[PDB]
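Q: Once you've had a glance at the structure underneath, I'll fire off some questions.
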Amino acid sequence: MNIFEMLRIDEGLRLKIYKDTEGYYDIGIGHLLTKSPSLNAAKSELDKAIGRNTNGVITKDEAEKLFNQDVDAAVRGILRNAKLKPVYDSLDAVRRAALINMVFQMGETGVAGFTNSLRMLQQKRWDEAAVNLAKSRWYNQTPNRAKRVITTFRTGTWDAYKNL
Ligand SMILES: [Cl-]
Ligand SMILES: [Cl-]
């Protein structure tokens, strides 16, 4: 299992513009196009992202390309963020993948806001961090997904994902 495989399980794969859990427009493997309510705004961002008149549809390759850019950007965003980098550098490989998952999902800014949890993770207080992470809108909105990432941070293993 690796980050790619992990996120591909959590986000799925759709080749046509779709609404995410929050009502925004995405395409591919959780690639956010626009937060705006217009399908046109979305088709426009989409063609601009792919570099061609897509007409709301892309291929698998195209989806994977966006995905690759999105993971890379997540990592790069963690590394340039003053609150995140330290956390990330203190973690083992599996748990680093759990932090990238939350960043890809919610943005660097969103994550950096989990101040108390970040500190606990940094301290290696697994169970405490898990309980703290759970007290969030994130967990309440997408509990199944949240449970997987939290277990990942709690255990340092890919158990929540083996079987999927
Ligand atoms: Cl893009
Ligand atoms: Cl969920």
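Labels used: A, B, ... for chains in the order of the structure tokens, numbers from 1 for residues in each chain, and numbers from 1 for ligands as shown.
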Enumerate as a list in words all residues of chain A assigned to strand (DSSP E) by DSSP on the backbone, naming them with the chain letters and numbers the document uses.
A: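 The strand (DSSP E) residues within chain A come out as residues 14, 15, 16, 17, 18, 19, 25, 26, 27, 28, 31, 32, 33 and 34 of chain A.
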Q: For the selection just defined, write its residues with N, CA, C and O atoms to a file, as a tab-separated table (two decimals), in the first residue's frame.
A:
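Here's the written file again.tsv:
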chain	number	residue	atom	x	y	z
A	14	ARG	N	-13.67	8.86	-11.03
A	14	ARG	CA	-14.78	9.24	-11.89
A	14	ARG	C	-14.24	10.05	-13.04
A	14	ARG	O	-13.48	11.01	-12.90
A	15	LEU	N	-14.63	9.62	-14.21
A	15	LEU	CA	-14.21	10.27	-15.41
A	15	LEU	C	-15.11	11.40	-15.88
A	15	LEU	O	-14.80	12.01	-16.91
A	16	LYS	N	-16.18	11.67	-15.17
A	16	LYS	CA	-17.00	12.76	-15.60
A	16	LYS	C	-17.17	13.68	-14.41
A	16	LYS	O	-17.04	13.21	-13.30
A	17	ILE	N	-17.35	15.00	-14.66
A	17	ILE	CA	-17.48	15.94	-13.56
A	17	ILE	C	-18.52	15.41	-12.58
A	17	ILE	O	-19.52	14.88	-13.06
A	18	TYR	N	-18.27	15.56	-11.26
A	18	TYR	CA	-19.21	15.03	-10.28
A	18	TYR	C	-19.21	15.92	-9.09
A	18	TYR	O	-18.30	16.73	-8.94
A	19	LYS	N	-20.21	15.80	-8.24
A	19	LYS	CA	-20.22	16.62	-7.04
A	19	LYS	C	-19.65	15.80	-5.89
A	19	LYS	O	-19.93	14.61	-5.69
A	25	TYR	N	-17.58	20.79	-7.22
A	25	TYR	CA	-17.29	20.06	-8.41
A	25	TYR	C	-15.88	19.51	-8.48
A	25	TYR	O	-14.91	20.28	-8.33
A	26	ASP	N	-15.81	18.20	-8.77
A	26	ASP	CA	-14.52	17.55	-8.91
A	26	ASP	C	-14.53	16.72	-10.15
A	26	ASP	O	-15.54	16.56	-10.81
A	27	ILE	N	-13.40	16.09	-10.42
A	27	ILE	CA	-13.30	15.13	-11.49
A	27	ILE	C	-12.13	14.18	-11.11
A	27	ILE	O	-11.30	14.51	-10.28
A	28	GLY	N	-12.03	13.01	-11.69
A	28	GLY	CA	-10.90	12.13	-11.46
A	28	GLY	C	-10.86	11.51	-10.09
A	28	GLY	O	-11.90	11.01	-9.61
A	31	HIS	N	-10.05	15.34	-7.60
A	31	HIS	CA	-9.46	16.59	-8.02
A	31	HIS	C	-10.47	17.74	-8.02
A	31	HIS	O	-11.37	17.76	-8.87
A	32	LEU	N	-10.35	18.68	-7.09
A	32	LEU	CA	-11.30	19.80	-6.99
A	32	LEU	C	-11.20	20.78	-8.15
A	32	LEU	O	-10.14	21.31	-8.48
A	33	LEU	N	-12.29	21.02	-8.81
A	33	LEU	CA	-12.27	21.95	-9.93
A	33	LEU	C	-12.65	23.34	-9.42
A	33	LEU	O	-11.92	24.31	-9.58
A	34	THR	N	-13.83	23.41	-8.83
A	34	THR	CA	-14.34	24.67	-8.34
A	34	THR	C	-15.34	24.46	-7.20
A	34	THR	O	-16.07	23.44	-7.14
Q: Considering only C-alpha atoms and all ligand atoms, give me a table of residues in chain A that are at most 10 Å from ligand 1, with the closest atom pair and distance in Å for each, as a Markdown table.
A:
| residue | atom | partner | partner_atom_place_in_ligand_line | distance |
| --- | --- | --- | --- | --- |
| A:31 | CA | ligand 1 | 1 (Cl) | 8.4 |
| A:32 | CA | ligand 1 | 1 (Cl) | 8.8 |
| A:33 | CA | ligand 1 | 1 (Cl) | 8.1 |
| A:45 | CA | ligand 1 | 1 (Cl) | 8.2 |
| A:46 | CA | ligand 1 | 1 (Cl) | 8.1 |
| A:47 | CA | ligand 1 | 1 (Cl) | 9.7 |
| A:48 | CA | ligand 1 | 1 (Cl) | 7.7 |
| A:49 | CA | ligand 1 | 1 (Cl) | 4.5 |
| A:50 | CA | ligand 1 | 1 (Cl) | 7.6 |
| A:51 | CA | ligand 1 | 1 (Cl) | 9.7 |
| A:65 | CA | ligand 1 | 1 (Cl) | 9.7 |
| A:66 | CA | ligand 1 | 1 (Cl) | 6.7 |
| A:67 | CA | ligand 1 | 1 (Cl) | 9.5 |
| A:69 | CA | ligand 1 | 1 (Cl) | 7.5 |
| A:70 | CA | ligand 1 | 1 (Cl) | 7.9 |
Q: Could you build a table of the residues in chain A lying no more than 12 Å from ligand 2, giving for each the nearest pair of atoms and their separation in Å rounded to one decimal place, using only C-alpha atoms and all ligand atoms, ordered by chain and ascending residue number, as JSON lines?
A:
{"residue": "A:9", "atom": "CA", "partner": "ligand 2", "partner_atom_place_in_ligand_line": "1 (Cl)", "distance": 11.3}
{"residue": "A:10", "atom": "CA", "partner": "ligand 2", "partner_atom_place_in_ligand_line": "1 (Cl)", "distance": 8.2}
{"residue": "A:11", "atom": "CA", "partner": "ligand 2", "partner_atom_place_in_ligand_line": "1 (Cl)", "distance": 9.6}
{"residue": "A:12", "atom": "CA", "partner": "ligand 2", "partner_atom_place_in_ligand_line": "1 (Cl)", "distance": 11.8}
{"residue": "A:20", "atom": "CA", "partner": "ligand 2", "partner_atom_place_in_ligand_line": "1 (Cl)", "distance": 11.3}
{"residue": "A:21", "atom": "CA", "partner": "ligand 2", "partner_atom_place_in_ligand_line": "1 (Cl)", "distance": 8.6}
{"residue": "A:22", "atom": "CA", "partner": "ligand 2", "partner_atom_place_in_ligand_line": "1 (Cl)", "distance": 11.6}
{"residue": "A:105", "atom": "CA", "partner": "ligand 2", "partner_atom_place_in_ligand_line": "1 (Cl)", "distance": 11.7}
{"residue": "A:137", "atom": "CA", "partner": "ligand 2", "partner_atom_place_in_ligand_line": "1 (Cl)", "distance": 12.0}
{"residue": "A:138", "atom": "CA", "partner": "ligand 2", "partner_atom_place_in_ligand_line": "1 (Cl)", "distance": 9.3}
{"residue": "A:139", "atom": "CA", "partner": "ligand 2", "partner_atom_place_in_ligand_line": "1 (Cl)", "distance": 8.3}
{"residue": "A:140", "atom": "CA", "partner": "ligand 2", "partner_atom_place_in_ligand_line": "1 (Cl)", "distance": 8.9}
{"residue": "A:141", "atom": "CA", "partner": "ligand 2", "partner_atom_place_in_ligand_line": "1 (Cl)", "distance": 7.1}
{"residue": "A:142", "atom": "CA", "partner": "ligand 2", "partner_atom_place_in_ligand_line": "1 (Cl)", "distance": 3.5}
{"residue": "A:143", "atom": "CA", "partner": "ligand 2", "partner_atom_place_in_ligand_line": "1 (Cl)", "distance": 4.7}
{"residue": "A:144", "atom": "CA", "partner": "ligand 2", "partner_atom_place_in_ligand_line": "1 (Cl)", "distance": 3.9}
{"residue": "A:145", "atom": "CA", "partner": "ligand 2", "partner_atom_place_in_ligand_line": "1 (Cl)", "distance": 4.2}
{"residue": "A:146", "atom": "CA", "partner": "ligand 2", "partner_atom_place_in_ligand_line": "1 (Cl)", "distance": 6.6}
{"residue": "A:147", "atom": "CA", "partner": "ligand 2", "partner_atom_place_in_ligand_line": "1 (Cl)", "distance": 8.2}
{"residue": "A:148", "atom": "CA", "partner": "ligand 2", "partner_atom_place_in_ligand_line": "1 (Cl)", "distance": 9.1}
{"residue": "A:149", "atom": "CA", "partner": "ligand 2", "partner_atom_place_in_ligand_line": "1 (Cl)", "distance": 10.7}
Q: For residue 161 (chain A), find every residue with an atom within 12 Å (counting only C-alpha atoms), except residues of its own chain fewer than 3 positions away, and show them as an MDAnalysis selection string.
A: chainID A and resid 1:3 5:10 94 98 144:145 147:152 155:158 164
Q: Would you save the residues of that selection, restricted to C-alpha atoms, as a PDB file, in the first residue's frame?
A:
ATOM      1  CA  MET A   1       0.000   0.000   0.000  1.00  0.00           C
ATOM      2  CA  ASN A   2       1.297   3.490  -0.591  1.00  0.00           C
ATOM      3  CA  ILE A   3      -0.208   6.986  -0.690  1.00  0.00           C
ATOM      4  CA  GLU A   5      -3.234   3.424  -3.534  1.00  0.00           C
ATOM      5  CA  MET A   6      -4.560   4.798  -0.259  1.00  0.00           C
ATOM      6  CA  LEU A   7      -6.005   7.892  -1.769  1.00  0.00           C
ATOM      7  CA  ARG A   8      -7.341   6.037  -4.742  1.00  0.00           C
ATOM      8  CA  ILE A   9      -9.399   3.959  -2.293  1.00  0.00           C
ATOM      9  CA  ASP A  10     -10.640   6.975  -0.354  1.00  0.00           C
ATOM     10  CA  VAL A  94       2.964   5.085   7.124  1.00  0.00           C
ATOM     11  CA  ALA A  98      -1.942   9.627   6.719  1.00  0.00           C
ATOM     12  CA  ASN A 144     -15.708   6.210   7.415  1.00  0.00           C
ATOM     13  CA  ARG A 145     -12.845   7.902   5.696  1.00  0.00           C
ATOM     14  CA  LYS A 147     -11.842   6.434  10.760  1.00  0.00           C
ATOM     15  CA  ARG A 148      -9.389   4.950   8.256  1.00  0.00           C
ATOM     16  CA  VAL A 149      -6.889   7.820   8.496  1.00  0.00           C
ATOM     17  CA  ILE A 150      -7.208   8.007  12.331  1.00  0.00           C
ATOM     18  CA  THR A 151      -6.576   4.271  12.647  1.00  0.00           C
ATOM     19  CA  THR A 152      -3.578   4.765  10.429  1.00  0.00           C
ATOM     20  CA  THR A 155      -1.499   2.147  14.579  1.00  0.00           C
ATOM     21  CA  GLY A 156       1.265   3.047  12.203  1.00  0.00           C
ATOM     22  CA  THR A 157       0.004   0.227   9.925  1.00  0.00           C
ATOM     23  CA  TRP A 158      -2.117  -0.029   6.824  1.00  0.00           C
ATOM     24  CA  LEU A 164     -10.344  -2.733   0.095  1.00  0.00           C
TER      25      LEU A 164
END
Q: Using only C-alpha atoms, which of A:117, A:59, A:90, A:101 sits nearest residue 75 (chain A)?
A: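 The shortest atom-to-atom distance to residue 75 (chain A) comes from A:101.
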Q: Pick from A:133, A:73, A:39, A:100: nearest to residue 119 (chain A), with only C-alpha atoms counted?
A: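 Comparing A:133, A:73, A:39, A:100 against residue 119 (chain A), the winner is A:133.
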Q: From the set A:38, A:86, A:13, A:91, which residue has the shortest atom-to-atom contact distance to residue 61 (chain A), counting only C-alpha atoms?
A: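 Looking only at the distances to residue 61 (chain A), the closest residue turns out to be A:13.
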Q: Which of these, A:163, A:55, A:122, A:132, has the shortest distance to residue 89 (chain A) once you count only C-alpha atoms?
A: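 Going through A:163, A:55, A:122, A:132 one by one, the smallest distance to residue 89 (chain A) is for A:122.
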Q: Rank nothing, just name the residue among A:93, A:136, A:30, A:63 nearest to residue 114 (chain A), using only C-alpha atoms.
A: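 Result for the nearest residue to residue 114 (chain A): A:136.
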Q: Go through region 45-159 of chain A and collect every residue that DSSP, computed from the backbone, puts in alpha helix (DSSP H); the answer should be as a PyMOL selection string.
A: chain A and resi 45-50+60-80+85-90+93-112+115-123+126-134+137-141+143-155
Q: Could you save the residues just selected, with C-alpha atoms, as a PDB file, in the first residue's frame?
A:
ATOM      1  CA  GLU A  45     -11.560  25.052 -14.986  1.00  0.00           C
ATOM      2  CA  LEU A  46     -11.496  21.542 -16.275  1.00  0.00           C
ATOM      3  CA  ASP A  47     -10.439  22.431 -19.856  1.00  0.00           C
ATOM      4  CA  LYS A  48      -7.862  24.795 -18.454  1.00  0.00           C
ATOM      5  CA  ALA A  49      -6.519  21.986 -16.214  1.00  0.00           C
ATOM      6  CA  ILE A  50      -6.336  19.415 -19.095  1.00  0.00           C
ATOM      7  CA  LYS A  60      -8.000   7.564 -17.219  1.00  0.00           C
ATOM      8  CA  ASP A  61      -4.549   8.750 -18.107  1.00  0.00           C
ATOM      9  CA  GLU A  62      -5.630  12.398 -17.797  1.00  0.00           C
ATOM     10  CA  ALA A  63      -7.183  11.599 -14.357  1.00  0.00           C
ATOM     11  CA  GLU A  64      -3.977   9.969 -13.220  1.00  0.00           C
ATOM     12  CA  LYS A  65      -1.990  12.883 -14.407  1.00  0.00           C
ATOM     13  CA  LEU A  66      -4.066  15.279 -12.291  1.00  0.00           C
ATOM     14  CA  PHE A  67      -3.735  12.847  -9.404  1.00  0.00           C
ATOM     15  CA  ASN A  68       0.043  12.799  -9.654  1.00  0.00           C
ATOM     16  CA  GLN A  69       0.168  16.578  -9.702  1.00  0.00           C
ATOM     17  CA  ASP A  70      -2.180  16.713  -6.726  1.00  0.00           C
ATOM     18  CA  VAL A  71      -0.141  14.340  -4.601  1.00  0.00           C
ATOM     19  CA  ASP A  72       3.036  16.094  -5.396  1.00  0.00           C
ATOM     20  CA  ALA A  73       1.499  19.420  -4.532  1.00  0.00           C
ATOM     21  CA  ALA A  74       0.156  18.037  -1.228  1.00  0.00           C
ATOM     22  CA  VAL A  75       3.659  16.887  -0.227  1.00  0.00           C
ATOM     23  CA  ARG A  76       5.180  20.173  -1.326  1.00  0.00           C
ATOM     24  CA  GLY A  77       2.611  22.108   0.586  1.00  0.00           C
ATOM     25  CA  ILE A  78       3.270  20.146   3.766  1.00  0.00           C
ATOM     26  CA  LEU A  79       7.033  20.743   3.412  1.00  0.00           C
ATOM     27  CA  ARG A  80       6.704  24.479   2.961  1.00  0.00           C
ATOM     28  CA  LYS A  85       6.748  20.271   8.259  1.00  0.00           C
ATOM     29  CA  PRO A  86       7.861  19.503  11.719  1.00  0.00           C
ATOM     30  CA  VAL A  87       5.076  17.090  12.233  1.00  0.00           C
ATOM     31  CA  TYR A  88       5.749  15.362   8.983  1.00  0.00           C
ATOM     32  CA  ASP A  89       9.472  15.109   9.635  1.00  0.00           C
ATOM     33  CA  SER A  90       8.831  13.517  12.986  1.00  0.00           C
ATOM     34  CA  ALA A  93       6.461   6.419   6.625  1.00  0.00           C
ATOM     35  CA  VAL A  94       2.964   5.085   7.124  1.00  0.00           C
ATOM     36  CA  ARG A  95       1.842   7.930   9.347  1.00  0.00           C
ATOM     37  CA  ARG A  96       3.311  10.429   6.898  1.00  0.00           C
ATOM     38  CA  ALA A  97       0.933   8.987   4.336  1.00  0.00           C
ATOM     39  CA  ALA A  98      -1.942   9.627   6.719  1.00  0.00           C
ATOM     40  CA  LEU A  99      -0.970  13.358   7.023  1.00  0.00           C
ATOM     41  CA  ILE A 100      -0.703  13.673   3.214  1.00  0.00           C
ATOM     42  CA  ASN A 101      -4.252  12.179   2.911  1.00  0.00           C
ATOM     43  CA  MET A 102      -5.722  14.799   5.176  1.00  0.00           C
ATOM     44  CA  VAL A 103      -3.835  17.550   3.313  1.00  0.00           C
ATOM     45  CA  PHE A 104      -5.075  16.366  -0.054  1.00  0.00           C
ATOM     46  CA  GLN A 105      -8.573  16.250   1.332  1.00  0.00           C
ATOM     47  CA  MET A 106      -8.743  19.464   3.223  1.00  0.00           C
ATOM     48  CA  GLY A 107      -5.897  21.686   2.207  1.00  0.00           C
ATOM     49  CA  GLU A 108      -2.836  22.683   4.044  1.00  0.00           C
ATOM     50  CA  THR A 109      -4.606  25.448   5.793  1.00  0.00           C
ATOM     51  CA  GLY A 110      -7.353  23.180   7.095  1.00  0.00           C
ATOM     52  CA  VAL A 111      -4.903  20.748   8.410  1.00  0.00           C
ATOM     53  CA  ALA A 112      -2.610  23.308  10.034  1.00  0.00           C
ATOM     54  CA  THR A 115      -3.187  22.453  16.430  1.00  0.00           C
ATOM     55  CA  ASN A 116      -3.808  20.173  19.382  1.00  0.00           C
ATOM     56  CA  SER A 117      -3.719  16.979  17.293  1.00  0.00           C
ATOM     57  CA  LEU A 118      -0.554  18.052  15.470  1.00  0.00           C
ATOM     58  CA  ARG A 119       1.166  18.501  18.780  1.00  0.00           C
ATOM     59  CA  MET A 120       0.096  15.094  20.035  1.00  0.00           C
ATOM     60  CA  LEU A 121       1.180  13.442  16.838  1.00  0.00           C
ATOM     61  CA  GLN A 122       4.499  15.195  17.171  1.00  0.00           C
ATOM     62  CA  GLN A 123       4.729  13.817  20.710  1.00  0.00           C
ATOM     63  CA  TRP A 126      -1.166   8.007  19.315  1.00  0.00           C
ATOM     64  CA  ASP A 127      -4.288   7.266  21.262  1.00  0.00           C
ATOM     65  CA  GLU A 128      -4.689  10.816  22.418  1.00  0.00           C
ATOM     66  CA  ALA A 129      -4.242  12.243  18.988  1.00  0.00           C
ATOM     67  CA  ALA A 130      -6.869   9.780  17.675  1.00  0.00           C
ATOM     68  CA  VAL A 131      -9.381  10.870  20.206  1.00  0.00           C
ATOM     69  CA  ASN A 132      -8.630  14.549  19.505  1.00  0.00           C
ATOM     70  CA  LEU A 133      -8.802  14.078  15.706  1.00  0.00           C
ATOM     71  CA  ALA A 134     -12.251  12.625  16.090  1.00  0.00           C
ATOM     72  CA  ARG A 137     -16.360  18.456  11.629  1.00  0.00           C
ATOM     73  CA  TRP A 138     -14.129  16.341   9.337  1.00  0.00           C
ATOM     74  CA  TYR A 139     -14.869  13.226  11.328  1.00  0.00           C
ATOM     75  CA  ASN A 140     -18.565  13.993  11.616  1.00  0.00           C
ATOM     76  CA  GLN A 141     -18.971  14.657   7.862  1.00  0.00           C
ATOM     77  CA  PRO A 143     -16.624   9.356   9.378  1.00  0.00           C
ATOM     78  CA  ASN A 144     -15.708   6.210   7.415  1.00  0.00           C
ATOM     79  CA  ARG A 145     -12.845   7.902   5.696  1.00  0.00           C
ATOM     80  CA  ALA A 146     -11.857   9.785   8.858  1.00  0.00           C
ATOM     81  CA  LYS A 147     -11.842   6.434  10.760  1.00  0.00           C
ATOM     82  CA  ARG A 148      -9.389   4.950   8.256  1.00  0.00           C
ATOM     83  CA  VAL A 149      -6.889   7.820   8.496  1.00  0.00           C
ATOM     84  CA  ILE A 150      -7.208   8.007  12.331  1.00  0.00           C
ATOM     85  CA  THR A 151      -6.576   4.271  12.647  1.00  0.00           C
ATOM     86  CA  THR A 152      -3.578   4.765  10.429  1.00  0.00           C
ATOM     87  CA  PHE A 153      -2.229   7.406  12.784  1.00  0.00           C
ATOM     88  CA  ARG A 154      -3.119   5.351  15.791  1.00  0.00           C
ATOM     89  CA  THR A 155      -1.499   2.147  14.579  1.00  0.00           C
TER      90      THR A 155
END
